[PDB]
Engineer: 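Next up is a structure, given as structure tokens.
Just so we're on the same page: letters track the sequence lines, and every chain starts at 1. Side chains are part of it too, since the values below use all heavy atoms of this structure and drop only hydrogens, waters and symmetry mates. Just follow the structure's listing: the first ligand is 1, and inside any ligand the first atom is 1.
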Amino acid sequence: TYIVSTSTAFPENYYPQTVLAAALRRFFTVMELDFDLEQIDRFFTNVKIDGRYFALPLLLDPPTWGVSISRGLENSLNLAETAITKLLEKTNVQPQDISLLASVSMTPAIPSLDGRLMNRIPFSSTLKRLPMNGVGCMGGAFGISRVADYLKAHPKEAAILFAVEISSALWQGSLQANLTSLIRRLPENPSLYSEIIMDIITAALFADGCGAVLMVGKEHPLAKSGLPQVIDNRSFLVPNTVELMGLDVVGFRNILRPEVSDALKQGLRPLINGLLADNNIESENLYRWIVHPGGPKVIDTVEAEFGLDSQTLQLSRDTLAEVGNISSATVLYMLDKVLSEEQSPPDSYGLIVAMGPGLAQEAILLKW
Amino acid sequence: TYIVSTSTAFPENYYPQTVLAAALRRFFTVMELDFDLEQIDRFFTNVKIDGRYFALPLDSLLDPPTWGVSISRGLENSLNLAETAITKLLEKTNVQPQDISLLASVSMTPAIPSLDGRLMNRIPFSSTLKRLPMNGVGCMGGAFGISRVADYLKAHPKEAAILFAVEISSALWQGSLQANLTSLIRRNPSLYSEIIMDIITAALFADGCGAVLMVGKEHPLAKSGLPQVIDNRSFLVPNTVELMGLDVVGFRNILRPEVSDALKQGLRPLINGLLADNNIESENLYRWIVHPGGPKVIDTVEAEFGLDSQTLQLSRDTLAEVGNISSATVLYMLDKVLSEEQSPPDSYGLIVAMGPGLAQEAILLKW
Ligand SMILES: CCCC[C@H](Cl)CCCCC(=O)SCCNC(C)=O
Ligand SMILES: CCCC[C@H](Cl)CCCCC(=O)SCCNC(C)=O
């Protein structure tokens with residue numbers, strides 16, 4: 001399977017990280033929440049993000065959850081349509097010649113976003129769809145793997161994957177309600193301190209955006225040398241870590257416990273060592289890593305586990321700095337950057353790695 | 001690709017339709033809602049459901065728990081049902097979990113991580129198990145998942161995959177229907193249609209789980225006499241998103257009366273195109289397995305294809321026994337066919353389901 005091209009789409013409002021930190025501090029202050037405001041600055045600074053796109057409005061006067069979901073759906077569709085149209089235009093592919101449209105998003109959508117897009121883009125009415133959910137930050141890498149598996153059996157076909165997330169939905173009421181309750185119960189329940197920090201970290205980290213990728217089977221006319229080929233992929237799920245990472249219905253609450261970066265270690269090396277060995281490759285001979293930046297702590301952990309030079313994962317840090325954590329879309333944005341870089345040397349190997357709720361990890365071996 | 005075996009799983013409480021009708025009437029009465037109570041009984045009777053399984057409680061109908069606690073219970077019941085069905089499937093086929101390569105799931109139960117990921121802590125699947133967690137397909141999910149697993153197994157002829165579908169319709173009885181029927185009846189003659197649609201939702205949808213084991217052609221279990229998936233196809237009717245789906249409000253089920261008429265735009269284009277490309281006609285089909293997805297749907301398929309009054313009886317009997325269990329329904333029906341019926345060698349069958357989109361899915365089977 002060949003990765004042919006990529007595109008991204010972002011909403012119109014880009015906020016400096018310092019403005020978002022200030023917006024949350026003002027919420028704490030207007031609400032008279034008894035909490036150290038310097039903790040907001042600390043985590044908004046320590047995530048190493050310069051600014052974020054928010055599709056939904058920037059705390060004090062929240063709409064109904066129904067209205068926020070309606071806006072989230074609309075914005076998800078708008079971003080996905082933009083990305084897919086840019087993708088089709090840049091490759092000169094007609095929508096009717098796409099066989100499969102795969103999607104990942106935690107935006108609630110029944111019918112799925114990919115079905116609603118059939119009314120915006122003239123796909124054939126018999127388009128095959130692959131709407132995935134329950135994978136969180138991992139979804140971009142996960143979707144690449146599932147589409148590659150599909151194209152194994154359909155070598156003449158073309159498929160599009162998109163990932164789109166609206167993290168700003170959490171700023172429409174969920175973060176406000178939860179931080180208020182937690183901080184006000186904190187004097188009688190000091191165990192809640194870590195819960196407040198988790199919500200502040202969520203507010204510091206997650207952003208909005210969309211990425212899309214065109215992939216084709218080996219017999220497709222766009223399967224040309226010089227493109228990255230997906231040569232293998234593998235999944236891993238670490239036992240008994242469901243509670244470390246997820247998205248719970250309450251609005252929503254993001255779950256991201258500090259123990260993630262250590263539980264990551266239990267899955268990363270068996271997953272990647274096994275994938276590489278089964279393909280007769282040594283990690284030291286990888287030309288490129290494309291690692292989803294769950295956080296700076298996650299990047300540091302991957303770097304330490306595989307003894308990497310600190311420049312090897314620079315793309316993860318630059319991406320975090322530019323757009324924040326855009327969840328499943330992040331590795332597609334990252335792949336897009338790489339496809340804009342200098343033509344990778346022939347026969348160079350690359351690894352895409354992402355981690356998400358599960359705790360689950362996905363690894364994809366690429367060859368140029 | 002072969003369908004090797006099926007299983008089902010249901011919660012402990014089976015309620016007669018009259019008991020459910022009575023509970024809803026009691027709600028209208030305690031709340032002093034000004035609405036003809038005979039509309040409740042008429043719709044609960046006219047869907048021709050004898051009873052339904054509810055995993056979530058009915059006794060709290062007047063004082064429902066919080067939506068957060070309902071979701072947590074819905075997750076736990078979803079996991080329990082899927083674990084039970086999967087375990088029965090593995091036991092009846094003598095297949096070890098470690099020997100399953102792909103676990104595919106469909107469910108509207110909110111789950112991040114997905115149900116299939118969570119199930120890896122209850123069933124000793126390999127840690128490198130491949131997963132296919134689908135959503136956004138509603139009632140079409142069981143047929144949809146069969147097609148997607150079939151496409152996967154085309155590329156993996158040595159492998160075995162499990163699909164499960166599970167839905168907890170009783171979630172809507174934990175506050176959503178109560179709130180919406182109250183407000184709607186209070187308020188605007190144009191709102192009569194909205195109340196009817198919530199009453200029909202309350203009359204129709206039920207809980208359950210189905211599971212299927214499928215293998216590629218080179219798997220040891222791939223044996224003659226098992227149904228083969230020979231082809232499958234999807235169809236989405238343009239500009240009908242608003243006719244069916246599930247909206248966040250709790251949840252509100254959307255099922256517009258126009259659905260059955262809108263199905264006519266997709267059914268024959270889908271099925272006759274699929275059959276023609278496999279060199280057969282619909283009249284060649286020995287068995288139909290059609291999801292019973294809302295008023296007039298069965299009747300509409302029957303009319304479109306000129307079928308005899310008994311060709312779709314399995315749809316009606318299924319609705320009678322367990323109601324509309326959404327994505328799981330066609331797996332329960334396939335289970336009945338494989339376990340209780342005789343299928344002549346080399347005969348053709350068609351699985352058909354319809355769901356939010358408006359989308360339809362067809363799968364051609366050959367024994
Ligand atoms: C508008 C529709 C509502 C969208 C809801 Cl709020 C999706 C959550 C968005 C925030 C994230 O993407 S958090 C990514 C890391 N979290 C996990 C579980 O991996
Ligand atoms: C379990 C927690 C919330 C899950 C929700 Cl309440 C399940 C959906 C409502 C009951 C059904 O199965 S309706 C099937 C027809 N409707 C569609 C969209 O196809």
Side-chain angles (χ1 to χ4, degrees), chain A residues 55-56 65 68-76 105-111 134-139 163-172 174-175 202 205-209 245-249 251-256 260 292 294-295 325-330 354-360, chain B residues 55-56 67 70-75 77-78 107-113 136-141 166-174 176-177 201 204-208 244-248 250-255 259 291 293-294 323-329 353-357 359:
Chain A
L56 297 191
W65 194 219
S68 292
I69 293 302
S70 294
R71 301 169 172 181
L73 269 173
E74 205 43 41
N75 276 283
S76 292
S105 178
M106 319 158 280
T107 298
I110 300 158
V135 289
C137 281
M138 203 175 59
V164 54
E165 308 286 357
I166 313 292
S167 303
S168 67
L170 293 182
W171 290 64
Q172 311 304 299
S174 293
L175 278 167
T202 290
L205 181 64
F206 296 95
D208 301 3
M245 181 169 344
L247 186 75
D248 285 343
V249 166
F252 280 120
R253 199 203 180 188
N254 189 54
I255 309 294
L256 183 62
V260 158
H292 173 71
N325 188 332
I326 57 172
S327 188
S328 62
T330 318
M355 71 289 297
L359 291 172
Chain B
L56 295 196
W67 181 231
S70 290
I71 290 299
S72 284
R73 291 179 188 165
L75 249 170
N77 279 280
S78 291
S107 178
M108 291 184 282
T109 300
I112 302 165
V137 286
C139 284
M140 183 184 71
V166 53
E167 310 287 354
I168 316 297
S169 300
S170 56
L172 300 166
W173 286 63
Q174 312 300 307
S176 298
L177 283 167
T201 291
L204 192 52
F205 292 101
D207 302 5
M244 188 180 323
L246 190 72
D247 291 342
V248 167
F251 277 114
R252 179 164 200 234
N253 180 57
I254 311 292
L255 182 60
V259 157
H291 172 68
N324 187 332
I325 59 175
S326 183
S327 63
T329 317
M354 58 296 300

Engineer: Side chains of A/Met245 and A/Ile255: closer than 4.5 Å at any heavy-atom pair?
Structural biologist: no
Engineer: Looking only at the aromatic ring of each residue, does the gap between the centers of B/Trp67 and B/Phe251 stay below 6.0 angstrom?
Structural biologist: yes
Engineer: Ignoring hydrogens, what is the shortest heavy-atom contact between B/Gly138 and B/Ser326? Give both atom names and the distance.
Structural biologist: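 The answer is C-OG, 3.9 Å.
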Engineer: For residues B/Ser169 and B/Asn324, report the shortest heavy-atom separation together with the two atoms involved.
Structural biologist: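 Minimum heavy-atom separation between B/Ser169 and B/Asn324: OG-O, 4.4 Å.
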Engineer: Any donor and acceptor pair, going by atom type alone, linking the side chain of A/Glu165 with main-chain N or O of A/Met106 inside 3.5 Å?
Structural biologist: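 Yes.
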Engineer: Find out whether A/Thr107 and A/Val164 are in side-chain contact, i.e. whether some heavy atom of one side chain is under 4.5 Å from a heavy atom of the other.
Structural biologist: no
Engineer: Heavy-atom contacts with ligand 2 below 4.0 Å: which residues, ordered by chain and residue number?
Structural biologist: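 Residues A/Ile110, B/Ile71, B/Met108, B/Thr109, B/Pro110, B/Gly138, B/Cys139, B/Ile168, B/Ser169, B/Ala171, B/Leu172, B/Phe205, B/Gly245, B/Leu246, B/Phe251, B/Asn253, B/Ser326, B/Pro356 each place a heavy atom under 4.0 Å from ligand 2, listed by chain and number.
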